[PDB]
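Source file: my_file.tsv. Holds: TSV, C-alpha atoms and all ligand atoms.
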chain	number	residue	atom	x	y	z
L	1	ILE	CA	-101.80	99.43	40.39
L	2	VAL	CA	-99.41	100.70	37.71
L	3	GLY	CA	-99.67	99.61	34.05
L	4	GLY	CA	-102.97	97.76	34.64
L	5	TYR	CA	-106.47	98.23	33.29
L	6	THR	CA	-109.95	99.12	34.60
L	7	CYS	CA	-111.49	95.78	35.74
L	8	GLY	CA	-115.04	96.64	35.09
L	9	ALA	CA	-117.67	97.09	37.72
L	10	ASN	CA	-117.91	94.18	40.11
L	11	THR	CA	-115.85	91.71	37.98
L	12	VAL	CA	-113.70	91.10	41.10
L	13	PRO	CA	-116.61	90.38	43.52
L	14	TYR	CA	-114.36	89.29	46.42
L	15	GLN	CA	-112.45	92.61	46.46
L	16	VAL	CA	-112.94	94.73	49.57
L	17	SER	CA	-112.04	98.40	50.40
L	18	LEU	CA	-111.19	99.01	54.17
L	19	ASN	CA	-112.30	102.54	55.08
L	20	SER	CA	-111.67	104.54	58.25
L	21	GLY	CA	-113.18	107.81	56.86
L	22	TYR	CA	-111.31	107.20	53.55
L	23	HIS	CA	-110.02	104.14	51.70
L	24	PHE	CA	-106.64	103.01	53.08
L	25	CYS	CA	-106.33	99.25	52.15
L	26	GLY	CA	-107.85	96.44	50.10
L	27	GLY	CA	-108.88	93.04	51.32
L	28	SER	CA	-110.53	89.78	50.19
L	29	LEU	CA	-113.87	88.29	51.43
L	30	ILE	CA	-113.26	84.58	52.27
L	31	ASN	CA	-116.82	83.79	53.53
L	32	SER	CA	-119.86	85.87	54.59
L	33	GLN	CA	-118.38	86.87	57.93
L	34	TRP	CA	-114.60	87.21	57.32
L	35	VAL	CA	-112.09	89.20	55.32
L	36	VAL	CA	-108.32	88.65	55.05
L	37	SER	CA	-106.02	91.64	54.50
L	38	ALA	CA	-102.44	92.63	55.38
L	39	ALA	CA	-101.35	93.05	58.98
L	40	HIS	CA	-99.69	96.34	58.08
L	41	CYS	CA	-103.25	97.54	57.28
L	42	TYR	CA	-104.19	97.16	60.98
L	43	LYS	CA	-106.18	100.16	62.33
L	44	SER	CA	-108.82	100.47	64.97
L	45	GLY	CA	-112.22	101.69	63.60
L	46	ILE	CA	-112.53	99.84	60.28
L	47	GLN	CA	-115.56	99.73	58.04
L	48	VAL	CA	-115.47	97.08	55.30
L	49	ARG	CA	-116.97	98.11	51.93
L	50	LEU	CA	-118.07	95.29	49.59
L	51	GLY	CA	-119.46	95.52	45.99
L	52	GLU	CA	-117.52	98.56	45.16
L	53	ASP	CA	-116.28	99.77	41.85
L	54	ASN	CA	-116.05	103.64	42.13
L	55	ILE	CA	-115.24	104.13	45.85
L	56	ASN	CA	-116.29	107.78	45.78
L	57	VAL	CA	-119.75	107.12	44.40
L	58	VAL	CA	-122.55	104.95	45.80
L	59	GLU	CA	-123.51	103.06	42.59
L	60	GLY	CA	-126.06	100.77	44.22
L	61	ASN	CA	-124.17	97.49	44.81
L	62	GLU	CA	-122.37	98.35	48.02
L	63	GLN	CA	-122.59	96.89	51.47
L	64	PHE	CA	-120.78	98.88	54.22
L	65	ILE	CA	-120.30	96.71	57.32
L	66	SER	CA	-118.22	97.56	60.41
L	67	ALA	CA	-115.67	95.10	61.75
L	68	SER	CA	-116.42	93.46	65.15
L	69	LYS	CA	-112.76	92.33	65.60
L	70	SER	CA	-109.34	92.20	63.93
L	71	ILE	CA	-106.73	89.44	64.49
L	72	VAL	CA	-103.22	90.24	63.24
L	73	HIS	CA	-101.07	87.11	62.82
L	74	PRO	CA	-99.36	86.24	66.17
L	75	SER	CA	-95.86	86.31	64.57
L	76	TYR	CA	-96.18	89.43	62.42
L	77	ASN	CA	-92.89	91.45	62.51
L	78	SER	CA	-93.55	95.06	61.45
L	79	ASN	CA	-89.87	95.57	60.85
L	80	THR	CA	-89.47	92.81	58.25
L	81	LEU	CA	-93.14	92.49	57.31
L	82	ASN	CA	-92.77	88.74	57.74
L	83	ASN	CA	-96.28	87.06	58.36
L	84	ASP	CA	-98.04	90.13	56.99
L	85	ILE	CA	-101.61	88.84	57.21
L	86	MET	CA	-104.68	89.79	59.30
L	87	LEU	CA	-108.31	88.54	59.59
L	88	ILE	CA	-111.27	90.91	60.07
L	89	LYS	CA	-114.69	89.66	61.26
L	90	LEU	CA	-117.77	91.61	60.15
L	91	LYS	CA	-120.42	92.68	62.61
L	92	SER	CA	-123.14	91.24	60.31
L	93	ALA	CA	-122.79	88.77	57.51
L	94	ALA	CA	-122.54	90.06	54.04
L	95	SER	CA	-125.27	89.09	51.51
L	96	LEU	CA	-123.41	87.16	48.82
L	97	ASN	CA	-124.75	87.71	45.33
L	98	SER	CA	-123.36	88.18	41.81
L	99	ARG	CA	-121.53	91.34	42.90
L	100	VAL	CA	-120.29	90.23	46.33
L	101	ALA	CA	-118.76	86.72	46.45
L	102	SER	CA	-115.99	85.03	48.46
L	103	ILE	CA	-112.73	83.67	47.06
L	104	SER	CA	-111.43	80.15	47.89
L	105	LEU	CA	-108.32	79.51	49.92
L	106	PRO	CA	-105.66	77.37	48.19
L	107	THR	CA	-105.27	73.61	48.77
L	108	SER	CA	-101.49	73.87	47.79
L	109	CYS	CA	-99.08	76.68	46.84
L	110	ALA	CA	-98.91	77.81	43.18
L	111	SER	CA	-95.90	77.30	40.89
L	112	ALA	CA	-93.66	80.09	39.66
L	113	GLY	CA	-94.95	80.95	36.19
L	114	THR	CA	-98.63	80.72	37.19
L	115	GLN	CA	-100.45	83.90	36.03
L	116	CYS	CA	-102.46	85.77	38.73
L	117	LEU	CA	-104.85	88.68	38.93
L	118	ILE	CA	-103.95	91.54	41.31
L	119	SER	CA	-106.41	94.37	41.91
L	120	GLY	CA	-106.87	97.54	43.94
L	121	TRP	CA	-107.53	101.31	44.12
L	122	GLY	CA	-103.84	102.18	44.71
L	123	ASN	CA	-101.59	104.71	43.00
L	124	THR	CA	-101.24	104.30	39.23
L	125	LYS	CA	-97.92	106.15	38.56
L	126	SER	CA	-94.42	104.81	39.46
L	127	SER	CA	-93.02	108.31	39.79
L	128	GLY	CA	-95.93	110.46	40.89
L	129	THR	CA	-99.30	110.19	42.58
L	130	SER	CA	-102.60	109.48	40.82
L	131	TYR	CA	-105.23	107.59	42.75
L	132	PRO	CA	-108.04	106.09	40.68
L	133	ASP	CA	-111.66	105.95	41.87
L	134	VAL	CA	-112.55	102.67	40.11
L	135	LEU	CA	-110.83	99.29	40.60
L	136	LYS	CA	-107.75	98.51	38.56
L	137	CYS	CA	-106.59	95.01	37.60
L	138	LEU	CA	-103.27	93.48	36.60
L	139	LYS	CA	-102.30	90.01	35.41
L	140	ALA	CA	-98.77	89.10	36.52
L	141	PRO	CA	-96.96	85.80	36.95
L	142	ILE	CA	-95.38	84.48	40.06
L	143	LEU	CA	-91.58	84.81	39.73
L	144	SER	CA	-89.11	82.14	40.87
L	145	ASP	CA	-87.74	82.61	44.36
L	146	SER	CA	-84.24	83.05	42.98
L	147	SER	CA	-85.19	86.19	41.07
L	148	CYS	CA	-87.17	87.40	44.13
L	149	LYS	CA	-84.22	86.89	46.51
L	150	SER	CA	-81.67	88.42	44.12
L	151	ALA	CA	-83.88	91.52	43.83
L	152	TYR	CA	-84.26	91.70	47.64
L	153	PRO	CA	-81.20	90.10	49.37
L	154	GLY	CA	-81.62	89.06	53.00
L	155	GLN	CA	-85.24	90.29	52.96
L	156	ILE	CA	-87.39	87.44	51.57
L	157	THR	CA	-88.63	84.77	53.95
L	158	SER	CA	-90.42	81.50	53.17
L	159	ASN	CA	-93.73	83.39	53.83
L	160	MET	CA	-93.31	85.75	50.86
L	161	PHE	CA	-93.13	85.38	47.09
L	162	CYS	CA	-92.64	87.85	44.27
L	163	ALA	CA	-94.97	88.44	41.28
L	164	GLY	CA	-94.58	90.89	38.41
L	165	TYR	CA	-92.16	91.88	35.63
L	166	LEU	CA	-88.42	92.38	36.31
L	167	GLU	CA	-88.44	94.85	33.45
L	168	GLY	CA	-90.77	97.06	35.59
L	169	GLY	CA	-93.77	98.90	34.15
L	170	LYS	CA	-96.54	96.81	35.73
L	171	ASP	CA	-96.94	96.28	39.52
L	172	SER	CA	-99.10	96.87	42.64
L	173	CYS	CA	-98.31	100.09	44.67
L	174	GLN	CA	-99.38	101.84	47.89
L	175	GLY	CA	-103.15	101.97	48.34
L	176	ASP	CA	-103.21	98.39	46.95
L	177	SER	CA	-101.86	97.01	50.34
L	178	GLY	CA	-103.90	94.04	51.69
L	179	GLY	CA	-105.48	93.30	48.32
L	180	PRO	CA	-105.77	89.92	46.58
L	181	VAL	CA	-103.43	88.01	44.19
L	182	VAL	CA	-105.68	85.22	42.76
L	183	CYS	CA	-104.22	82.45	40.66
L	184	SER	CA	-106.32	79.61	39.27
L	185	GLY	CA	-109.38	80.57	41.34
L	186	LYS	CA	-107.59	80.67	44.69
L	187	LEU	CA	-106.30	83.45	46.86
L	188	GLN	CA	-102.52	82.90	46.74
L	189	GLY	CA	-101.23	86.26	47.90
L	190	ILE	CA	-101.80	89.54	49.66
L	191	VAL	CA	-100.22	92.87	48.46
L	192	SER	CA	-97.47	93.43	51.05
L	193	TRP	CA	-94.48	95.52	49.93
L	194	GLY	CA	-91.97	96.39	47.24
L	195	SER	CA	-89.24	98.99	46.47
L	196	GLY	CA	-91.00	101.86	44.73
L	197	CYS	CA	-93.56	100.70	42.17
L	198	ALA	CA	-93.02	99.23	38.73
L	199	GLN	CA	-89.31	99.74	38.97
L	200	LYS	CA	-86.94	97.56	36.99
L	201	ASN	CA	-85.68	94.59	39.01
L	202	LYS	CA	-87.95	95.51	41.96
L	203	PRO	CA	-91.09	93.27	41.58
L	204	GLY	CA	-93.93	93.22	44.13
L	205	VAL	CA	-93.64	91.09	47.31
L	206	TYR	CA	-96.72	89.24	48.48
L	207	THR	CA	-97.67	87.28	51.66
L	208	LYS	CA	-97.74	83.55	50.75
L	209	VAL	CA	-101.31	82.63	51.78
L	210	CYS	CA	-100.84	78.84	51.19
L	211	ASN	CA	-98.66	78.82	54.34
L	212	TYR	CA	-101.55	80.16	56.54
L	213	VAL	CA	-104.57	78.08	55.62
L	214	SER	CA	-104.58	76.05	58.86
L	215	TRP	CA	-104.12	79.21	60.96
L	216	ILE	CA	-106.96	80.93	59.05
L	217	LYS	CA	-109.33	77.98	59.37
L	218	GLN	CA	-108.59	77.44	63.01
L	219	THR	CA	-108.85	81.09	63.86
L	220	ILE	CA	-112.16	81.67	62.16
L	221	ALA	CA	-113.74	78.53	63.68
L	222	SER	CA	-112.81	79.77	67.16
L	223	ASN	CA	-113.95	83.44	66.78
H	301	LIG	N1	-93.83	97.65	44.46
H	301	LIG	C1	-94.91	97.23	45.04
H	301	LIG	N2	-95.63	96.23	44.63
H	301	LIG	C2	-95.38	97.88	46.15
H	301	LIG	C3	-94.95	99.00	46.83
H	301	LIG	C4	-95.69	99.37	47.96
H	301	LIG	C5	-95.45	100.46	48.79
H	301	LIG	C6	-96.27	100.73	49.89
H	301	LIG	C7	-97.35	99.91	50.17
H	301	LIG	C8	-97.61	98.82	49.35
H	301	LIG	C9	-96.79	98.58	48.27
H	301	LIG	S1	-96.88	97.28	47.08
H	302	CA	CA	-119.08	103.18	45.25

Take the structure in the file and write it out as structure tokens.
Ligand SMILES: NC(=[NH2+])c1cc2ccccc2s1
Ligand SMILES: [Ca+2]
Amino acid sequence: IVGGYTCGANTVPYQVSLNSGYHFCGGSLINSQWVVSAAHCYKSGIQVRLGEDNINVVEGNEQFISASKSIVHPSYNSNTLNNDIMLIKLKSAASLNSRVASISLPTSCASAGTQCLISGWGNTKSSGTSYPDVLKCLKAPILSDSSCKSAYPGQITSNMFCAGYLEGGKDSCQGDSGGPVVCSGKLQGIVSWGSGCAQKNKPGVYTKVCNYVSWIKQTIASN
């Protein structure tokens, strides 16, 4: 996350770190047994880490649970990143408490202009590499589709939306992939892609979760 701030320990209780020997993606806990992340975060051998703040230090509130299965969306296109969403089932249910909680799925899609909270342990420099150990947060509004499409011509589908500042400076970045974009208490997006990070006229592109609620619900009830 570039141009953001330190969240504070466990203030984003639904935030997850996917680890395969090291942290490689973020995710969101939607209920005690399931996590939603980005399909481009797919790997075999994933351990889900809940109640994290510093991911390099066991501070006492963590729960490390292995995944029993991963389900990448049936129509995910790795070339365009269209339908960039994946569900991960935990081998055991997480113990929800003040530090580990689930986030609600949306009942409708949010309006451009709505302010959201984006978080993750990704790079914090636009030009350079600095990976933080504690969770970083960013409040950014959803941009209109017109500004999103003019920034990325022929690349935005109806399953993506842009959030950020066209002036650059604040944005999500690699390492933040799969993480949550929460607006008004609901999970509206998933960190998916962008051109560089915090660049002028290159906002972040997020998977539009409101388009997958039926698929999520149906998939979890049958697995
Ligand atoms: N500009 C951005 N918001 C992003 C850029 C990248 C690049 C790689 C992986 C994830 C992301 S999010
Ligand atoms: Ca830790």

Please produce, as a tab-separated table, a per-residue contact table for chain L versus ligand LIG 301 (chain H) (criterion: any atom at most 8 Å away, only C-alpha atoms and all ligand atoms considered), showing the nearest atom pair and its distance in Å to one decimal, sorted by chain then residue number.
residue	atom	partner	partner_atom	distance
L:171	CA	H:LIG301	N2	5.3
L:172	CA	H:LIG301	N2	4.1
L:173	CA	H:LIG301	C2	4.0
L:174	CA	H:LIG301	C7	3.6
L:175	CA	H:LIG301	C7	6.4
L:176	CA	H:LIG301	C8	6.1
L:177	CA	H:LIG301	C8	4.7
L:191	CA	H:LIG301	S1	5.7
L:192	CA	H:LIG301	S1	5.6
L:193	CA	H:LIG301	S1	4.1
L:194	CA	H:LIG301	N1	3.6
L:195	CA	H:LIG301	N1	5.2
L:196	CA	H:LIG301	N1	5.1
L:197	CA	H:LIG301	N1	3.8
L:198	CA	H:LIG301	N1	6.0
L:199	CA	H:LIG301	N1	7.4
L:202	CA	H:LIG301	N1	6.7
L:203	CA	H:LIG301	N1	5.9
L:204	CA	H:LIG301	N2	3.5
L:205	CA	H:LIG301	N2	6.1

**Study point:** Neighbourhood of ligand CA 302 (chain H) at 7 Å, counting all atoms listed in the file, reported as a list in words
**Key:** residues 52, 53, 54, 55, 56, 57, 58, 59 and 62 of chain L

Practice item. Pick out the residues sitting within 8 Å of stretch 213-223 of chain L, and hand them over as a PyMOL selection string; count all atoms listed in the file, and ignore anything fewer than 4 positions along from it in its own chain. Key: chain L and resi 34+87+105-106+209

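You can rank L:160, L:116, L:71, L:166 by their closest distance to residue L:210 using all atoms listed in the file, and at the top of that list sits L:160.
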
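The shortest atom-to-atom distance to residue L:37, with only C-alpha atoms taken into account, belongs to L:72 out of L:4, L:72, L:9, L:153.
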
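Minimum atom-to-atom distance to residue L:170, evaluated using only C-alpha atoms, belongs to L:2 out of L:41, L:146, L:2, L:190.
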
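You will find atom CA of residue L:181 at 19.7 Å from atom CA of residue L:167.
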